[PDB]
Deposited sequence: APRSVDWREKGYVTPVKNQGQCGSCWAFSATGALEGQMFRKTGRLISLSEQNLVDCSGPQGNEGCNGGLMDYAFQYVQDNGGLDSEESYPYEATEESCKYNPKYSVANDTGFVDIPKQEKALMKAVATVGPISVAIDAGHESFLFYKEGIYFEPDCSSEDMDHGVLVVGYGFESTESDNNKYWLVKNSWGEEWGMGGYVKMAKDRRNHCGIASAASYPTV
């Protein structure tokens, strides 16, 4: 693989969004991964509707503003035959009735791939596929108040993840490697809404434990 990758530089990544006070991190992670794959497929970067996922993917197992899984989101898109644009189905940060309109569908998927649970496998996927949906342990104030540099938390769990985000690349700055991770907490958090998570340090915060992407 390349020594560094940043898919933002290749046009795969929309600006940082803000989930607000709704537990919809999973939906932002999923739209991020699908935005990347649709861009690879068509050459068009189109912002996708998290609200559509929040409101409509209950049958697949998601729980709206109370949490959910990226893979369940990808399954919804496949079952549903589409996903609306952000513009057509704007984000409200509350769970509402499903208002999917196929007229404004701009994305689809044909399934998803779960990446082997190792950082070497994750790097290979990031290098070859595009942005990757990932689960992390974000349940430390050190993450809440993260500002800059490589994030390293001695107490982080590699097995108990509670937050879905998007790996958009990787690189290096003694222990100087990182994953470039797009969050969904607005631009004023971290480095323009991004965090450099410690890479190749024993699967820190479980970043390789539940990584996936949609096929398109």
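K.L.:
Can you give me the gaps, meaning deposited-sequence stretches with no C-alpha coordinates, in sequence order?
P.N.:
Coordinates drop out only over 174 to 177.
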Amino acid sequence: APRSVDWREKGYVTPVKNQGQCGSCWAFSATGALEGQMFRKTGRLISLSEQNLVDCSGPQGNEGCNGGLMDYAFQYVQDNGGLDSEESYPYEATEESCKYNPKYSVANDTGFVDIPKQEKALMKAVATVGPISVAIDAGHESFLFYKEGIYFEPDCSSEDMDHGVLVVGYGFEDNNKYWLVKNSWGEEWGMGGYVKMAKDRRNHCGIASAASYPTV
From here on, numbers count along this sequence of modelled residues.
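K.L.:
With respect to the recorded C-alpha B factors, which stretch has the higher mean value, 141 to 149 or 124 to 132?
P.N.:
Here the higher of the two C-alpha B-factor means belongs to 141 to 149.
K.L.:
175 to 183 versus 28 to 36: which one carries the higher mean Cα B factor per the record?
P.N.:
Between 175 to 183 and 28 to 36, it is 175 to 183 that shows the higher mean C-alpha B-factor.
K.L.:
With respect to the C-alpha temperature factors reported in the PDB entry, which of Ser57, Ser47, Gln51, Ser158 ranks highest?
P.N.:
Out of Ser57, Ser47, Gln51, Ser158, the record gives the largest C-alpha B-factor to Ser158.
K.L.:
Of the options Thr110, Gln118, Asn80, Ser105, which has the highest CA B factor as deposited?
P.N.:
Most elevated C-alpha B-factor of the set, per the entry: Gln118.
K.L.:
When the deposited Cα B-factors of this chain's modelled residues are ordered and cut into thirds, is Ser4 in the lowest, the middle or the highest one?
P.N.:
Top third by C-alpha B-factor.
K.L.:
Report the third (lowest, middle or highest) to which the CA temperature factor of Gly190 belongs, ranking only the modelled residues of the same chain.
P.N.:
Within its chain, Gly190 is a highest-third residue by C-alpha B-factor, going by the deposited values.
K.L.:
Please place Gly164 in the lowest, middle or highest third of its chain by C-alpha B factor as given in the entry.
P.N.:
It falls in the bottom third of the chain.
K.L.:
Using the B-factor values recorded in the entry, state whether the Cα atom of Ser97 falls in the lowest, middle or highest third among the modelled residues of its chain.
P.N.:
Highest third - that is where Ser97 ends up once the chain's C-alpha B-factors are sorted.
K.L.:
Divide the modelled residues of the chain into thirds by Cα B-factor and specify which third, lowest, middle or highest, holds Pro154.
P.N.:
Highest third - that is where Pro154 ends up once the chain's C-alpha B-factors are sorted.
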